[PDB]
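See structure below.
Per chain, numbering begins at 1; letters A, B, ... match sequence-line order.
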Amino acid sequence: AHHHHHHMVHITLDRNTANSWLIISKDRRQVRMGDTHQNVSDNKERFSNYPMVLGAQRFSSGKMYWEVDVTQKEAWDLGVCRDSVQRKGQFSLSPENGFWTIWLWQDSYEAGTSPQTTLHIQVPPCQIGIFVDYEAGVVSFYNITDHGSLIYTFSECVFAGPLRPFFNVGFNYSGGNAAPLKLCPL
Amino acid sequence: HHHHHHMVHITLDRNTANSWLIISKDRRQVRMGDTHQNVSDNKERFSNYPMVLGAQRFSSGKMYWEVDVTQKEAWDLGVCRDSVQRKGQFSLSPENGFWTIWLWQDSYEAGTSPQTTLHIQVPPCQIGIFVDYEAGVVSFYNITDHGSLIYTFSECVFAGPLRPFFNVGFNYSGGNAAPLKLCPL
């Protein structure tokens, strides 16, 4: 269990960074993958190749905590990234590329080290806690569903500028990944 | 099957290939790399998926070729219109100019809209692809299972030249690094 709760922040999704196929709720607290290219203007901030979107918030100092609902989802990537991350084309999620993430992919939980580190989770999470300590260079992930158990911590992170909450809802080739990512209500 | 007498020698068209694809010197094998492969962007190149086309173009006749899929966790294979879109996101369907089958997360499917599940008993290691342009037919055969029929698209509206089509798939799991190979004649 942890004591990051007193550092919780209210995250909203940045529509200008969202892949053109994403459908984001009115309050910008939920996101799902849609079935068509969804009428949005071209900009350099927008992720082009993956169902990714950033939180609107920028962090250059302090301790921040937020929670993400992943109930019923078969794939997702979650964490935090540099504002400077590549938006266009193909790229790997790694600290070198400015991403500190974990994911669910094909029934396996992984930390986004390079190469990936498989995580042994006894209770599949329905909700994920994400903690960032900017000055310390720490990004931690917690299994809210299972006693706030620790999933993984990145340490000695090179943030090298502002950080952004990071989300990938994932594609849905099997039909089993339609569920949204939701930011849990504080 | 009885399509062996229509076999053609297929080679891969480098200019069409996703930029992370590693294509052998003989242009008969392809696998997913972990970085860009120092190729320049062009209008032909698939941008969003690890796809590549055969260099050959067909507007008539009967053609057959074979692809090795040994070990691979995921792939898409078949034939497509030369006019298919190369950029952005799209589904593989006849409406979009693709006649394909795939292996995705332990299920074999045909690329209809919506997808049609296949009835494969023996997991293939090699797939034979037959196209009869005039007949409007694309058929898939399980070479591993004595050439048994997998799937036939008929009443195909080819609507112009066709290209062999390949997708090696991404390798997020670490378990899909295997190449696609064009089997020797």
Those residues of residues 5-25 of chain B that come under 4.5 Å of chain A on a heavy-atom basis, listed by number, are B/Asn18, B/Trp20
>> Does atom CD (B/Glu155) have a neighbourhood of more than 12 heavy atoms from anything else shown, all under 6.0 Å?
In response: no
Cut-off 4.5 Å, heavy atoms of chain B, and the answer for A/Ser48 is backbone
Atom CG of residue position A/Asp35 - does it have more than 12 heavy atoms of other residues, nucleotides or ligands inside 6.0 Å? no
CD of A/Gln106 to CH2 of B/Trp104, rounded to nearest 0.5 Å, is 5.5 Å
Rounding to 0.5 Å, atoms CE (B/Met32) and CD (A/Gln90) come to a distance of 5.0 Å
| Sidechain-backbone polar pair: A/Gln116 side chain, B/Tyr172 backbone, donor-acceptor under 3.5 Å | yes
>> Looking at B/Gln121, I'd like to know if its CD atom is crowded, meaning that more than 12 non-hydrogen atoms belonging to other residues, nucleotides or ligands lie closer than 6.0 Å.
In response: no
Original post:
Are B/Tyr108 and B/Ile143 joined in one hydrophobic group, where the rule is that I, L, V, M, F, W and Y side chains link up if heavy atoms are under 4.5 Å apart?
Top reply: no
Inset, instruction - State whether the number of non-hydrogen atoms from other residues, nucleotides or ligands found under 6.0 Å of A/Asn43 atom CG is greater than 12. - result: yes
Next on the checklist: Same cluster or not: A/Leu163 versus A/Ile128, using hydrophobic residues (I, L, V, M, F, W, Y) connected whenever any side-chain heavy atoms lie under 4.5 Å apart?
Outcome noted: yes
Task: Joint hydrophobic cluster, B/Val131 plus B/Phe165, side-chain heavy atoms closer than 4.5 Å - done: yes
Determine whether A/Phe171 and A/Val169 fall in the same hydrophobic cluster, where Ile, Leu, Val, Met, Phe, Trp and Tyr are linked whenever their side-chain heavy atoms lie under 4.5 Å apart. yes
**Prompt:** With a cut-off of 6.0 Å (strictly less than), are more than 12 heavy atoms of other residues, nucleotides or ligands near CD of A/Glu135?
**Reply:** yes
Taking a cut-off of under 4.5 angstrom between non-hydrogen atoms, the residues of residues 48-83 of chain B near chain A are B/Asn48, B/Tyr49, B/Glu73
Heavy atoms of other groups near B/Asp106 CG, more than 12 under 6.0 Å: no
- [ ] Mark yes when over 12 heavy atoms from residues, nucleotides or ligands other than A/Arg32 sit less than 6.0 Å from its CZ; otherwise mark no.
- [x] no
